[PDB]
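Take a look at this single chain in structure tokens; it is the form deposited without adenosine.
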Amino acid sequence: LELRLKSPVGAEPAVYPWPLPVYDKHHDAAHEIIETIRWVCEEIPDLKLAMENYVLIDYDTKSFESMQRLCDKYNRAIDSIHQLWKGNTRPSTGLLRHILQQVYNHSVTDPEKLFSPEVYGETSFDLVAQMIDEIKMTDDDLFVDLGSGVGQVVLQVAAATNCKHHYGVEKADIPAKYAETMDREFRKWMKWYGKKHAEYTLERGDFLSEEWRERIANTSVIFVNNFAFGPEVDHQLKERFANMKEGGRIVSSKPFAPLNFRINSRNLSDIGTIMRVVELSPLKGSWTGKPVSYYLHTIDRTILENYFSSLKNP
């Protein structure tokens, strides 16, 4: 006893066992099935016409026969459209949130072990989407998320941008191990829907290691949730940022330098002498979520050059 969903692009079908799994108090595989069908009907208007009107209205999630009739009415509609077609784009924001939730639900089987990953789609997703729209990224950029956890920020950026590569680095054992499954599941679900993503790597490691010193120096876009970082972690990170190229950017949860930094003879060693800092917020740019702010730092050594020029030409 199981339920099968045919891929809109001919990939291997989605197979769910019966009884259907329960993910948490606010997610179960039954609603995942219904929402997957609905998203595929939105991205394929012909499928909407083939699909009978009543099917996605009159349903019982606690009835095998009911859930099978629903799955079959979608599969028969996929088959009809696939026949009509006889005679890979980026996902929409809406579809991506659903894909990430799907990937998470299938990857983190014991959620007890872990703004937590559970609520990523309900809080963090929209802020990250807002960050992707603000920090414009090209095919020349290299993206790194320092302390990537289960890897959802990396998967979101990689599905939205055209960076050469996207990296996620996590030191902790439990999230780094879950990231391995998230990676496999993300690639599997993206192929299922027939969606394109940029290249990405989720790896285990310490971003303060010698290996990561040259790697940070060659990154053009760093995303770092530094809210909980200690003084030594913060001080070492600033040391790594100081080797970055002009125009290199760091997007963080707490600024690394004062927003009002004014260079003088007593603060010449501060990171503020080689970077610009701006507070950005979805409330500044029609937002209705949390009143949050993120901080954009841009490597600019002219701050330091101008100070010296002013001393020589007063």
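Position 1 is the first residue in the sequence shown; the rest follow in order. Here the rigid core means the biggest group of C-alpha atoms that line up within 1.5 Å when the two forms are laid on top of each other.
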Comparing 153-161 with 121-129, which has C-alphas lying farther from the shown form in 9 other deposited structures of this protein once the core is aligned?
-> 121-129
Greater Cα displacement in 9 other deposited structures of this protein once the core is superposed, comparing 36-44 with 53-61 | 53-61
In at least a third of the other entries we lined up, does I81 end up with no coordinates?
-> no
Unresolved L114 in a third or more of other entries flanked by modelled residues | yes
Chain break class for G230 to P231, judged by how many deposited residues have no coordinates = none
Note how many residues of the deposited chain are left out of the model between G285 and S286; the options are none, 1 to 3, 4 to 9, and 10 or more.
-> 1 to 3
Stretch with the greater mean C-alpha B-factor as recorded in the entry, comparing 22-30 against 273-281 = 22-30
Comparing 218-226 with 190-198, the higher average Cα temperature factor in the PDB entry belongs to 190-198
With respect to the C-alpha temperature factors reported in the PDB entry, which of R262, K62, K245, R249 ranks highest?
-> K62
Of the choices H98, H166, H235, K86, which one's C-alpha carries the largest B-factor in the record?
-> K86
Where the record places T36 (Cα B-factor, split into thirds across the chain) = middle
Within this chain, which third does the Cα B-factor at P111 fall in: lowest, middle or highest?
-> highest
In terms of the CA temperature factor given in the entry, to which third of its chain does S80 belong: lowest, middle or highest?
-> highest
What third of its chain's C-alpha B-factors does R240 belong to: lowest, middle or highest?
-> lowest
State the tercile, meaning the lowest, middle or highest third, of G289 with respect to the CA B-factors recorded for its chain.
-> middle
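The same protein also has a form deposited with adenosine bound, omitted here; what follows describes it.
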If you drop adenosine in as it sits in the deposited complex, superposing on the site C-alphas, does this form leave room, or do 3+ ligand atoms land within 2.4 Å of backbone or C-beta atoms?
-> open
Mark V103 yes when one of its heavy atoms lies within 4.5 Å of a heavy atom of adenosine in the deposited complex, and no otherwise.
-> no
Using 4.5 Å between non-hydrogen atoms, is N225 touching adenosine in the deposited complex?
-> yes
Counting only non-hydrogen atoms and a 4.5 angstroms cut-off, does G147 reach adenosine in the deposited complex?
-> yes
Might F207 be said to contact adenosine in the deposited complex, defining contact as any heavy atom within 4.5 Å?
-> yes
Only one of 194-202, 90-98, 207-215, 77-85 sits within 4.5 Å of adenosine in the deposited complex by heavy atom distance, namely 207-215
Could you tell me which one of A179, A158, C71, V169 places a heavy atom within 4.5 Å of adenosine in the deposited complex?
-> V169
